[PDB]
Amino acid sequence: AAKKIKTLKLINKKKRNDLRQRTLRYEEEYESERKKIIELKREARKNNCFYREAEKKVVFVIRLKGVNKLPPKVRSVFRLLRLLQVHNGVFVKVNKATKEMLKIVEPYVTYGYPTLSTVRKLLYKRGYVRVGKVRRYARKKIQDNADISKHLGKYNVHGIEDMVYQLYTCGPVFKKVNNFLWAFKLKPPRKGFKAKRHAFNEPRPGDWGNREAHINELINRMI
Amino acid sequence: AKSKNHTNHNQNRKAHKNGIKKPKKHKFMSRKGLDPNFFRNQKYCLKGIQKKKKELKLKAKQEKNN
Amino acid sequence: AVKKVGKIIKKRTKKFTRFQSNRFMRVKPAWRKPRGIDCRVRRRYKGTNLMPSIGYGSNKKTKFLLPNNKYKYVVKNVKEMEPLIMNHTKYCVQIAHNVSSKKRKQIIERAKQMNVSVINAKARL
Amino acid sequence: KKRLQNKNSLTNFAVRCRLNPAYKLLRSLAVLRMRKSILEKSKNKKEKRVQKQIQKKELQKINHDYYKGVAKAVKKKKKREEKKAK
Amino acid sequence: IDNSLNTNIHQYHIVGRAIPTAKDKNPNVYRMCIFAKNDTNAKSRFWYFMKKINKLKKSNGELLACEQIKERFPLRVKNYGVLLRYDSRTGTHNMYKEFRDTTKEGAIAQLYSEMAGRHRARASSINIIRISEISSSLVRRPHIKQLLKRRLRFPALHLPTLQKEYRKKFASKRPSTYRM
Amino acid sequence: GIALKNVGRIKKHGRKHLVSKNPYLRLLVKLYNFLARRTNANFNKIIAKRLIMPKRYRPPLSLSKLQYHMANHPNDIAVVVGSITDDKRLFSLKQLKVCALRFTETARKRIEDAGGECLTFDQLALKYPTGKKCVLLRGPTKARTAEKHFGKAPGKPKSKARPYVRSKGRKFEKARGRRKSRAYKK
Amino acid sequence: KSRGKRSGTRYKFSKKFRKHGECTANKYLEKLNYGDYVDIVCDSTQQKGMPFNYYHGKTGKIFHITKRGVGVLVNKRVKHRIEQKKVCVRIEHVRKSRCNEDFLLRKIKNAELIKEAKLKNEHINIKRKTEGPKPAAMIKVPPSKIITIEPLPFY
RNA sequence: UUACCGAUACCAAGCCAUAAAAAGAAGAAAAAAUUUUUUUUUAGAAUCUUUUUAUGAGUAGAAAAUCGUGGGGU
RNA sequence: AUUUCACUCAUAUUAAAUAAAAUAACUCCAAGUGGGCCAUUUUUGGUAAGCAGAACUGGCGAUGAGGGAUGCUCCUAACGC
RNA sequence: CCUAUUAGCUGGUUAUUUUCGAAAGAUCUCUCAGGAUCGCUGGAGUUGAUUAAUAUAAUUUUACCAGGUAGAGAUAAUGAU
RNA sequence: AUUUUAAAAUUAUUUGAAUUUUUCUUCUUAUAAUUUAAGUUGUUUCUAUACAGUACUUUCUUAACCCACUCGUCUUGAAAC
Ligand SMILES: [Mg+2]
Ligand SMILES: [Mg+2]
Ligand SMILES: [Mg+2]
Ligand SMILES: [Mg+2]
Ligand SMILES: [Mg+2]
Ligand SMILES: [Mg+2]
Ligand SMILES: [Mg+2]
Ligand SMILES: [Mg+2]
Ligand SMILES: [Mg+2]
Ligand SMILES: [Mg+2]
Ligand SMILES: [Mg+2]
Ligand SMILES: [Mg+2]
Ligand SMILES: [Mg+2]
Ligand SMILES: [Mg+2]
Ligand SMILES: [Mg+2]
């Protein structure tokens with residue numbers, strides 16, 4: 001039994017080591033990509049052309065309207081997304097179908113392209129996780145990696161950093177990770193919304209559009 | 001007295017409480033009143049097949065016995 | 001309000017009085033749940049009587065404990081005292097209302113021997 | 001297992017480290033970066049300036065071009081208006 | 001820096017085009033400067049304008065670039081002319097208004113207030129068509145001409161906007177509006 | 001609030017605890033529940049569930065039927081969570097090893113004669129706690145006469161549901177709507 | 001009040017402009033099998049076998065074929081529940097639906113792709129990738145060919 | 001343009017109940033006294049115990065668990 | 001067409017996404033209900049109506065809380081302590 | 001006295017908590033103040049699911065049909081003009 | 001009464017590397033302790049050297065701030081003139 005325990009410990013240590021390297025790699029990538037974007041922009045500026053950045057792959061979508069006075073279609077869409085309360089946020093893999101769905105629920109949500117730091121913050125401060133036999137879940141905050149290394153061991157994402165990476169750049173194993181994440185129960189924003197009635201792109205003050213960068217600020221406020 | 005003589009109001013909602021239930025989709029719908037002649041031919045074929053199978057089984061049994 | 005004493009949290013010192021028990025003598029204060037369309041208590045309008053609810057319940061661990069921290073056990077007879085020789089810290093005796101003065105005294109004596117608290121030792125004193 | 005607190009990963013250093021093993025190294029790096037004194041930074045500014053000239057020029061050209069385009073558009077609009085009036 | 005004073009209208013250069021098709025591989029790109037409160041708003045405005053002018057909708061085009069133009073000399077007073085299209089409750093109108101300001105953005109901020117105030121024209125109903133600095137030989141509006149006068153001077157007839165600390169509701173002595 | 005079905009809480013549709021107060025049966029369920037939970041063997045769980053079930057869903061399994069089921073694999077032990085009844089319609093009885101909740105006396109006798117074994121559930125557990133070399137069987141469930149009145153109501157076309165009638169004979173439910181001659185049929 | 005078998009059919013069953021006449025003689029050669037999906041498109045030039053108003057346009061599995069008939073299992077939404085309706089039609093109205101054939105084509109192509117993959121042992125992702133976001137690009141445009149835009153004045 | 005105030009909604013934590021989920025047929029821990037005494041506990045009730053997570057509006061209505069009255073056997 | 005043999009079709013990203021999708025199906029027994037009313041939007045009759053009559057959806061009814069001074073239905077938002 | 005006649009109508013219909021929770025559509029009815037039967041609800045139960053699956057979805061993509069309302073037309077047909 | 005362990009983290013030691021040359025540089029070989037782990041612990045007063053006091057807990061009674069319409073009932077809708 002002691003021997004077995006020792007073996008287990010060793011395995012754990014190995015996993016941790018592996019994780020660290022992976023994390024480092026991810027870090028290296030992130031900065032590099034950013035640098036490259038800048039370089040590309042510079043090149044474009046130099047040589048008359050334009051560089052359009054890659055369309056943003058994920059989208060963090062925060063619900064605004066609550067449960068009452070909602071059409072059936074929109075309710076269905078919400079259910080599909082997994083936003084059930086007023087300020088349930090969730091990551092969503094931007095697609096064609098997904099986009100269409102969003103458009104159907106556009107007036108009842110905000111969304112945008114989260115940004116890595118914001119995502120990380122969400123995962124750490126607000127990231128809970130479904131831990132149980134399928135359809136019987138229990139919303140557990142992560143803290144340890146063993147929590148998540150169980151369910152997502154198969155798919156080669158142990159620990160929160162891997163998950164974060166997956167989220168940021170819709171990886172091979174994004175969907176599963178997203179599913180594993182219990183919908184983000186956010187606060188209301190500490191300075192406040194402008195007006196949930198009106199759209200974000202309305203020239204007057206509003207909220208419900210695709211605030212495509214500025215979502216991050218909102219998230220920060222309401223983390 | 002005069003009445004709300006008809007409305008389809010709420011009906012949809014009512015329907016959607018237990019979903020619009022699909023038919024269960026069974027592999028074998030009955031061939032009861034469908035194409036005669038053909039279906040009797042089919043029946044005959046099936047019978048023949050069964051007979052063949054039985055004969056085979058019998059043969060096997062015999063072999064086992066020695 | 002909430003009535004902390006130590007680990008004992010009581011969520012509701014006030015009794016839930018029957019609606020309108022204050023208005024008509026015939027309506028006793030014993031809680032009765034208002035059925036009836038238009039009740040206002042049933043409908044829970046601000047400013048009316050509250051409805052007892054399972055939210056008000058005391059924590060499973062401290063529930064029937066008195067301010068003593070001891071479960072009350074009512075006792076009619078010396079024999080009954082004996083179950084609580086092995087539980088003299090967790091349970092406290094109350095002597096039944098119908099027990100005679102001599103018998104009461106005897107019970108009290110027994111309790112003292114056991115070190116078990118008696119919550120109504122003073123009856124007929 | 002009995003649920004206890006839920007520890008604030010972002011701050012609670014130990015918890016953070018448990019979560020993300022690499023984190024420590026990153027934090028050390030950050031600290032190191034923070035450490036280095038302002039003289040060096042100041043010096044680097046000159047270098048940056050030296051390196052920037054071409055880029056600056058390019059930027060100017062771009063923005064100038066944009067402005068020119070706008071002006072041309074305006075002129076065209078004016079001409080159109082004049083024509084309409086005529 | 002003062003955040004009570006700011007109006008957060010910026011100017012954005014947006015460039016976009018229709019997505020290439022087998023039938024039209026090399027489509028035209030369109031640009032514009034757009035006065036908007038943020039980058040996303042700017043984009044949306046651009047899309048709207050594309051829709052209005054060309055056959056082009058956000059779903060069948062792509063934004064090539066969104067730049068953000070910061071004023072080059074944000075502390076030089078300039079005389080800005082603007083040409084608007086706006087909608088009244090009764091109908092639709094052009095007008096040309098002039099604003100002496102420190103940046104295009106500032107002028108536009110002024111403009112929106114003025115249209116809201118003077119015509120009850122809300123931001124939705126307005127379309128800025130061009131703003132350009134008018135050199136003072138061609139300034140047509142009298143309220144701008146006056147400012148352009150040689151050795152400009154005037155007294156300070158505004159009332160004090162004391163800080164909320166020293167705004168106290170009981171006063172020893174009846175304050176004076178004259179000052180000097 | 002939260003837009004959910006049944007608000008959060010998960011419906012479970014079946015039995016929970018046996019409503020029986022039969023001390024032996026309670027003991028049995030205790031045992032098999034324990035076995036289910038520890039020896040997560042499926043078999044055990046199934047057994048537990050069947051023990052919990054009501055009397056109609058523990059229909060009697062006939063000796064003949066048992067024999068038929070055992071036919072292909074001999075020696076292994078048929079387990080039946082209900083009663084096993086004897087069959088006069090059988091002639092010969094093979095060497096059967098059967099666990100059941102109840103054996104009707106004659107059936108038991110027959111089994112004994114066959115040189116077989118009647119095992120109770122505790123015995124089975126003792127012998128085969130993971131149900132190795134066992135076979136769960138059920139008697140005919142929807143063969144009940146009550147069940148013949150269920151389904152589509154007689155009146156709906158192509159329904160083979162017995163009407164609840166006082167008696168049989170021409171005088172009772174054999175005219176209008178039962179023959180083309182009296183309006184319609186079925 | 002008036003719910004006859006051809007009500008609300010002034011346009012459903014009207015033959016389209018410059019397509020009167022009758023069903024072409026080559027339409028009777030469409031091969032059908034017990035399982036084919038099948039549109040029901042009421043050519044009202046034949047009055048025999050005319051399926052009801054509602055089934056016009058609705059597809060279904062063929063469950064029965066006859067001399068000149070086709071039984072079609074078609075779903076009908078009926079208040080609280082969809083149910084299977086056995087619509088017996090002539091061939092003139094039943095047209096072979098095309099949805100299934102799109103799938104069929106894909107299947108065929110996929111088989112070939114699978115074979116190719118096996119030839120070389122590779123993890124080819126078959127499943128249709130939906131229109132995702134576009135990747136990064138660097139689009140060369142001359143400053144000559146970038147037509148600046150302003151809103152339009154009113155007229 | 002900021003800042004603020006502002007719900008039984010949101011968030012964090014606690015407690016109640018419901019639902020489901022984990023999981024369960026042997027042993028010294030401490031303090032106080034002065035190495036030995038005294039003080040409390042030293043659990044194992046399956047519709048039960050421990051822990052977890054989510055959820056909690058409600059007339060007509062349905063159900064379950066409780067509470068009480070007159071009498072019966074124990 | 002059915003049958004039995006072959007050979008072989010993506011699969012852990014699961015033959016496009018997304019899904020507190022099995023809280024599902026199904027059977028049984030029975031309750032209450034079968035006077036409705038309002039709001040947007042579409043709409044019929046009518047000069048119109050807080051009128052009569054419909055459609056889609058949501059409410060009220062059965063529902064309090066915060067706002068609309070006040071208010072069965074508007075806005076926010078649905079309620080264990 | 002039969003007789004506590006009958007009433008599709010009016011009034012009333014007695015403890016607590018917890019849990020789930022409607023309908024005021026539809027068809028037939030000497031029916032329109034009622035009833036039956038569907039619908040919606042509860043309970044009971046079984047088979048399932050418990051394997052982040054497959055069934056399944058008031059959802060969307062990708063194909064593929066069906067349409068004749070808004071619009072449009074009158075130097076296209078009909079009917080105005 | 002052994003997931004309040006394990007590991008993470010930290011301190012003081014010990015072996016070997018690394019390019020972020022660094023009194024918080026990182027990993028790892030071993031060893032001890034610690035808490036940032038592994039949901040509040042301590043110190044000092046007070047109640048008090050008290051047996052009920054004017055303190056403490058609690059009932060009632062008044063005020064005060066805010067709120068609160070007659071319950072039952074048929075009814076789409078009752079505080080209803
Ligand atoms: Mg606001
Ligand atoms: Mg609204
Ligand atoms: Mg009411
Ligand atoms: Mg409730
Ligand atoms: Mg009512
Ligand atoms: Mg409401
Ligand atoms: Mg008002
Ligand atoms: Mg009478
Ligand atoms: Mg409910
Ligand atoms: Mg009445
Ligand atoms: Mg029509
Ligand atoms: Mg028209
Ligand atoms: Mg008041
Ligand atoms: Mg009335
Ligand atoms: Mg009333």
# chains A, B, ... in the order shown; residues from 1 in each chain; ligands from 1
>>> interface_residues(of="chain E", to="chain D", cutoff="12 Å", atoms="only C-alpha atoms", output="VMD selection string")
chain E and resid 12 to 15 30 to 34 67 to 72 81 to 83 129 to 133
>>> residues_near_ligand(ligand="ligand 11", cutoff="9 Å", atoms="only C-alpha atoms (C1' of nucleotides) and all ligand atoms", output="ChimeraX atom specification")
/G:8-12 /J:68-69
>>> write_last_selection(atoms="N, CA and C atoms (P, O5', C5', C4', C3', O3' and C1' of nucleotides)", output="PDB file, in the first residue's frame")
ATOM      1  N   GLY G   8     -58.895  26.883 -49.118  1.00  0.00           N
ATOM      2  CA  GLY G   8     -57.637  27.617 -49.066  1.00  0.00           C
ATOM      3  C   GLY G   8     -56.641  27.106 -50.091  1.00  0.00           C
ATOM      4  N   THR G   9     -57.141  26.718 -51.264  1.00  0.00           N
ATOM      5  CA  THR G   9     -56.313  26.128 -52.317  1.00  0.00           C
ATOM      6  C   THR G   9     -56.396  26.895 -53.642  1.00  0.00           C
ATOM      7  N   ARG G  10     -56.844  28.143 -53.582  1.00  0.00           N
ATOM      8  CA  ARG G  10     -56.898  28.988 -54.766  1.00  0.00           C
ATOM      9  C   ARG G  10     -55.499  29.160 -55.373  1.00  0.00           C
ATOM     10  N   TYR G  11     -54.473  29.114 -54.525  1.00  0.00           N
ATOM     11  CA  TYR G  11     -53.092  29.260 -54.954  1.00  0.00           C
ATOM     12  C   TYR G  11     -52.212  28.034 -54.719  1.00  0.00           C
ATOM     13  N   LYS G  12     -52.442  27.286 -53.644  1.00  0.00           N
ATOM     14  CA  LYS G  12     -51.656  26.079 -53.404  1.00  0.00           C
ATOM     15  C   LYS G  12     -51.668  25.181 -54.620  1.00  0.00           C
TER      16      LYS G  12
ATOM     17  P     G J  68     -49.576  29.769 -51.878  1.00  0.00           P
ATOM     18  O5'   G J  68     -50.250  31.205 -52.003  1.00  0.00           O
ATOM     19  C5'   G J  68     -50.346  32.078 -50.865  1.00  0.00           C
ATOM     20  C4'   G J  68     -49.696  33.403 -51.178  1.00  0.00           C
ATOM     21  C3'   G J  68     -50.379  34.206 -52.281  1.00  0.00           C
ATOM     22  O3'   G J  68     -50.473  35.574 -51.916  1.00  0.00           O
ATOM     23  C1'   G J  68     -48.102  33.916 -52.802  1.00  0.00           C
ATOM     24  P     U J  69     -51.706  36.088 -51.035  1.00  0.00           P
ATOM     25  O5'   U J  69     -50.998  37.024 -49.965  1.00  0.00           O
ATOM     26  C5'   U J  69     -51.775  37.626 -48.930  1.00  0.00           C
ATOM     27  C4'   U J  69     -50.874  38.178 -47.857  1.00  0.00           C
ATOM     28  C3'   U J  69     -50.131  39.454 -48.203  1.00  0.00           C
ATOM     29  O3'   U J  69     -50.974  40.598 -48.141  1.00  0.00           O
ATOM     30  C1'   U J  69     -48.667  37.956 -47.123  1.00  0.00           C
TER      31        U J  69
END
>>> residues_near_ligand(ligand="ligand 12", cutoff="9 Å", atoms="only C-alpha atoms (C1' of nucleotides) and all ligand atoms", output="MDAnalysis selection string")
chainID J and resid 69:72
>>> write_last_selection(atoms="C-alpha atoms (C1' of nucleotides)", output="PDB file, in the first residue's frame")
ATOM      1  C1'   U J  69     -48.667  37.956 -47.123  1.00  0.00           C
ATOM      2  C1'   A J  70     -45.861  42.824 -46.977  1.00  0.00           C
ATOM      3  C1'   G J  71     -43.959  44.962 -51.145  1.00  0.00           C
ATOM      4  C1'   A J  72     -44.412  45.627 -56.482  1.00  0.00           C
TER       5        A J  72
END
>>> residues_near_ligand(ligand="ligand 13", cutoff="10 Å", atoms="only C-alpha atoms (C1' of nucleotides) and all ligand atoms", output="PyMOL selection string")
(chain C and resi 47) or (chain K and resi 66-69)
>>> write_last_selection(atoms="N, CA and C atoms (P, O5', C5', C4', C3', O3' and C1' of nucleotides)", output="PDB file, in the first residue's frame")
ATOM      1  N   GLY C  47     -45.447  44.910   5.116  1.00  0.00           N
ATOM      2  CA  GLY C  47     -46.140  45.492   6.254  1.00  0.00           C
ATOM      3  C   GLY C  47     -47.216  44.659   6.926  1.00  0.00           C
TER       4      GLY C  47
ATOM      5  P     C K  66     -41.129  58.418   8.566  1.00  0.00           P
ATOM      6  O5'   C K  66     -41.165  57.016   7.811  1.00  0.00           O
ATOM      7  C5'   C K  66     -40.111  56.672   6.901  1.00  0.00           C
ATOM      8  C4'   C K  66     -40.164  55.214   6.511  1.00  0.00           C
ATOM      9  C3'   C K  66     -41.497  54.651   6.044  1.00  0.00           C
ATOM     10  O3'   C K  66     -41.852  55.001   4.710  1.00  0.00           O
ATOM     11  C1'   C K  66     -40.530  53.147   7.564  1.00  0.00           C
ATOM     12  P     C K  67     -43.399  55.165   4.314  1.00  0.00           P
ATOM     13  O5'   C K  67     -43.966  53.681   4.445  1.00  0.00           O
ATOM     14  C5'   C K  67     -43.568  52.662   3.522  1.00  0.00           C
ATOM     15  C4'   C K  67     -43.946  51.289   4.026  1.00  0.00           C
ATOM     16  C3'   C K  67     -45.426  50.941   4.061  1.00  0.00           C
ATOM     17  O3'   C K  67     -45.957  50.674   2.762  1.00  0.00           O
ATOM     18  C1'   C K  67     -44.428  50.243   6.073  1.00  0.00           C
ATOM     19  P     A K  68     -47.450  51.142   2.375  1.00  0.00           P
ATOM     20  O5'   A K  68     -48.357  50.204   3.285  1.00  0.00           O
ATOM     21  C5'   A K  68     -48.246  48.777   3.184  1.00  0.00           C
ATOM     22  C4'   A K  68     -49.102  48.085   4.217  1.00  0.00           C
ATOM     23  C3'   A K  68     -50.522  48.603   4.414  1.00  0.00           C
ATOM     24  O3'   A K  68     -51.385  48.161   3.370  1.00  0.00           O
ATOM     25  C1'   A K  68     -49.524  48.349   6.509  1.00  0.00           C
ATOM     26  P     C K  69     -52.164  49.220   2.445  1.00  0.00           P
ATOM     27  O5'   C K  69     -53.629  49.212   3.068  1.00  0.00           O
ATOM     28  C5'   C K  69     -53.835  48.975   4.475  1.00  0.00           C
ATOM     29  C4'   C K  69     -55.254  49.306   4.872  1.00  0.00           C
ATOM     30  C3'   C K  69     -56.199  48.127   5.041  1.00  0.00           C
ATOM     31  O3'   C K  69     -57.249  48.650   5.865  1.00  0.00           O
ATOM     32  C1'   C K  69     -56.882  49.333   3.171  1.00  0.00           C
TER      33        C K  69
END
>>> residues_near_ligand(ligand="ligand 15", cutoff="12 Å", atoms="only C-alpha atoms (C1' of nucleotides) and all ligand atoms", output="PDB file with N, CA, C and O atoms (P, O5', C5', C4', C3', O3' and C1' of nucleotides), in the first residue's frame")
ATOM      1  N   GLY C  36     -57.731  31.505   1.163  1.00  0.00           N
ATOM      2  CA  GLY C  36     -58.645  32.568   0.863  1.00  0.00           C
ATOM      3  C   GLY C  36     -57.986  33.541  -0.061  1.00  0.00           C
ATOM      4  O   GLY C  36     -56.923  34.063   0.223  1.00  0.00           O
ATOM      5  N   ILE C  37     -58.597  33.694  -1.223  1.00  0.00           N
ATOM      6  CA  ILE C  37     -58.340  34.803  -2.117  1.00  0.00           C
ATOM      7  C   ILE C  37     -58.302  36.162  -1.413  1.00  0.00           C
ATOM      8  O   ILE C  37     -59.148  36.467  -0.558  1.00  0.00           O
ATOM      9  N   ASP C  38     -57.294  36.958  -1.763  1.00  0.00           N
ATOM     10  CA  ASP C  38     -57.190  38.376  -1.402  1.00  0.00           C
ATOM     11  C   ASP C  38     -56.636  38.566   0.008  1.00  0.00           C
ATOM     12  O   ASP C  38     -56.862  39.610   0.608  1.00  0.00           O
ATOM     13  N   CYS C  39     -55.926  37.583   0.550  1.00  0.00           N
ATOM     14  CA  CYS C  39     -55.636  37.630   1.978  1.00  0.00           C
ATOM     15  C   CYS C  39     -54.630  38.693   2.366  1.00  0.00           C
ATOM     16  O   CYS C  39     -54.708  39.245   3.452  1.00  0.00           O
ATOM     17  N   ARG C  40     -53.654  38.931   1.511  1.00  0.00           N
ATOM     18  CA  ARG C  40     -52.611  39.935   1.734  1.00  0.00           C
ATOM     19  C   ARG C  40     -51.459  39.359   2.552  1.00  0.00           C
ATOM     20  O   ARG C  40     -50.282  39.669   2.274  1.00  0.00           O
TER      21      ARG C  40
ATOM     22  P     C K  69     -52.164  49.220   2.445  1.00  0.00           P
ATOM     23  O5'   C K  69     -53.629  49.212   3.068  1.00  0.00           O
ATOM     24  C5'   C K  69     -53.835  48.975   4.475  1.00  0.00           C
ATOM     25  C4'   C K  69     -55.254  49.306   4.872  1.00  0.00           C
ATOM     26  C3'   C K  69     -56.199  48.127   5.041  1.00  0.00           C
ATOM     27  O3'   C K  69     -57.249  48.650   5.865  1.00  0.00           O
ATOM     28  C1'   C K  69     -56.882  49.333   3.171  1.00  0.00           C
ATOM     29  P     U K  70     -57.370  48.267   7.425  1.00  0.00           P
ATOM     30  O5'   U K  70     -58.326  47.004   7.391  1.00  0.00           O
ATOM     31  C5'   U K  70     -59.346  46.985   6.395  1.00  0.00           C
ATOM     32  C4'   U K  70     -60.048  45.670   6.392  1.00  0.00           C
ATOM     33  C3'   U K  70     -59.953  44.874   5.105  1.00  0.00           C
ATOM     34  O3'   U K  70     -58.653  44.331   4.811  1.00  0.00           O
ATOM     35  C1'   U K  70     -62.146  44.778   6.017  1.00  0.00           C
ATOM     36  P     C K  71     -58.024  43.069   5.622  1.00  0.00           P
ATOM     37  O5'   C K  71     -58.859  41.830   5.071  1.00  0.00           O
ATOM     38  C5'   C K  71     -58.366  40.479   5.117  1.00  0.00           C
ATOM     39  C4'   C K  71     -59.298  39.570   5.899  1.00  0.00           C
ATOM     40  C3'   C K  71     -59.980  38.467   5.104  1.00  0.00           C
ATOM     41  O3'   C K  71     -59.172  37.310   4.984  1.00  0.00           O
ATOM     42  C1'   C K  71     -61.596  39.577   6.403  1.00  0.00           C
ATOM     43  P     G K  72     -59.262  36.421   3.676  1.00  0.00           P
ATOM     44  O5'   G K  72     -60.770  35.917   3.669  1.00  0.00           O
ATOM     45  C5'   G K  72     -61.140  34.735   4.382  1.00  0.00           C
ATOM     46  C4'   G K  72     -62.612  34.450   4.223  1.00  0.00           C
ATOM     47  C3'   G K  72     -63.144  34.307   2.817  1.00  0.00           C
ATOM     48  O3'   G K  72     -62.822  33.031   2.295  1.00  0.00           O
ATOM     49  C1'   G K  72     -64.609  35.661   4.040  1.00  0.00           C
ATOM     50  P     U K  73     -62.234  32.904   0.825  1.00  0.00           P
ATOM     51  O5'   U K  73     -63.506  33.105  -0.109  1.00  0.00           O
ATOM     52  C5'   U K  73     -64.715  32.357   0.101  1.00  0.00           C
ATOM     53  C4'   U K  73     -65.884  33.074  -0.528  1.00  0.00           C
ATOM     54  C3'   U K  73     -65.790  33.321  -2.020  1.00  0.00           C
ATOM     55  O3'   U K  73     -66.231  32.159  -2.700  1.00  0.00           O
ATOM     56  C1'   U K  73     -66.538  35.286  -0.941  1.00  0.00           C
ATOM     57  P     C K  74     -65.249  31.345  -3.650  1.00  0.00           P
ATOM     58  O5'   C K  74     -65.642  31.893  -5.094  1.00  0.00           O
ATOM     59  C5'   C K  74     -66.783  31.343  -5.782  1.00  0.00           C
ATOM     60  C4'   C K  74     -67.700  32.414  -6.331  1.00  0.00           C
ATOM     61  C3'   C K  74     -67.272  33.059  -7.630  1.00  0.00           C
ATOM     62  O3'   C K  74     -67.277  32.147  -8.718  1.00  0.00           O
ATOM     63  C1'   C K  74     -68.209  34.697  -6.218  1.00  0.00           C
ATOM     64  P     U K  75     -65.991  32.058  -9.660  1.00  0.00           P
ATOM     65  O5'   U K  75     -65.787  33.561 -10.125  1.00  0.00           O
ATOM     66  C5'   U K  75     -66.766  34.176 -10.963  1.00  0.00           C
ATOM     67  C4'   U K  75     -66.443  35.631 -11.157  1.00  0.00           C
ATOM     68  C3'   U K  75     -65.169  35.938 -11.925  1.00  0.00           C
ATOM     69  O3'   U K  75     -65.362  35.872 -13.333  1.00  0.00           O
ATOM     70  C1'   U K  75     -65.283  37.297 -10.002  1.00  0.00           C
ATOM     71  P     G K  77     -60.023  36.952 -11.376  1.00  0.00           P
ATOM     72  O5'   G K  77     -60.014  38.487 -10.954  1.00  0.00           O
ATOM     73  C5'   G K  77     -58.812  39.266 -11.086  1.00  0.00           C
ATOM     74  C4'   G K  77     -59.098  40.742 -10.944  1.00  0.00           C
ATOM     75  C3'   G K  77     -59.882  41.167  -9.713  1.00  0.00           C
ATOM     76  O3'   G K  77     -59.002  41.328  -8.605  1.00  0.00           O
ATOM     77  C1'   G K  77     -60.792  42.204 -11.634  1.00  0.00           C
ATOM     78  P     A K  78     -59.357  40.693  -7.180  1.00  0.00           P
ATOM     79  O5'   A K  78     -60.346  41.771  -6.549  1.00  0.00           O
ATOM     80  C5'   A K  78     -59.883  43.112  -6.320  1.00  0.00           C
ATOM     81  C4'   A K  78     -60.574  43.730  -5.128  1.00  0.00           C
ATOM     82  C3'   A K  78     -60.592  42.905  -3.838  1.00  0.00           C
ATOM     83  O3'   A K  78     -60.238  43.704  -2.709  1.00  0.00           O
ATOM     84  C1'   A K  78     -62.778  43.594  -4.404  1.00  0.00           C
ATOM     85  P     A K  79     -58.700  43.868  -2.282  1.00  0.00           P
ATOM     86  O5'   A K  79     -58.729  45.092  -1.269  1.00  0.00           O
ATOM     87  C5'   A K  79     -58.976  44.857   0.121  1.00  0.00           C
ATOM     88  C4'   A K  79     -59.801  45.977   0.685  1.00  0.00           C
ATOM     89  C3'   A K  79     -61.204  46.117   0.102  1.00  0.00           C
ATOM     90  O3'   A K  79     -62.115  45.285   0.828  1.00  0.00           O
ATOM     91  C1'   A K  79     -60.075  48.213   0.069  1.00  0.00           C
ATOM     92  P     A K  80     -63.554  44.906   0.209  1.00  0.00           P
ATOM     93  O5'   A K  80     -64.317  46.300   0.223  1.00  0.00           O
ATOM     94  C5'   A K  80     -65.520  46.487  -0.527  1.00  0.00           C
ATOM     95  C4'   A K  80     -65.697  47.951  -0.843  1.00  0.00           C
ATOM     96  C3'   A K  80     -66.781  48.273  -1.871  1.00  0.00           C
ATOM     97  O3'   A K  80     -67.309  49.593  -1.676  1.00  0.00           O
ATOM     98  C1'   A K  80     -64.674  48.754  -2.798  1.00  0.00           C
TER      99        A K  80
END
>>> residues_near_ligand(ligand="ligand 9", cutoff="10 Å", atoms="only C-alpha atoms (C1' of nucleotides) and all ligand atoms", output="PyMOL selection string")
(chain F and resi 5-7) or (chain H and resi 56-58) or (chain J and resi 19-21)
>>> select_by_dssp(residues="region 41-147 of chain F", states="strand (DSSP E or B)", output="list in words")
residues 61, 62, 77, 78, 79, 80, 81, 82, 83, 84, 85, 97, 98, 99, 100, 101, 102, 103, 117, 118, 119, 134, 135, 136 and 137 of chain F
>>> residues_near_ligand(ligand="ligand 6", cutoff="12 Å", atoms="only C-alpha atoms (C1' of nucleotides) and all ligand atoms", output="ChimeraX atom specification")
/A:67-69 /H:57-58 /I:58-65,72-79
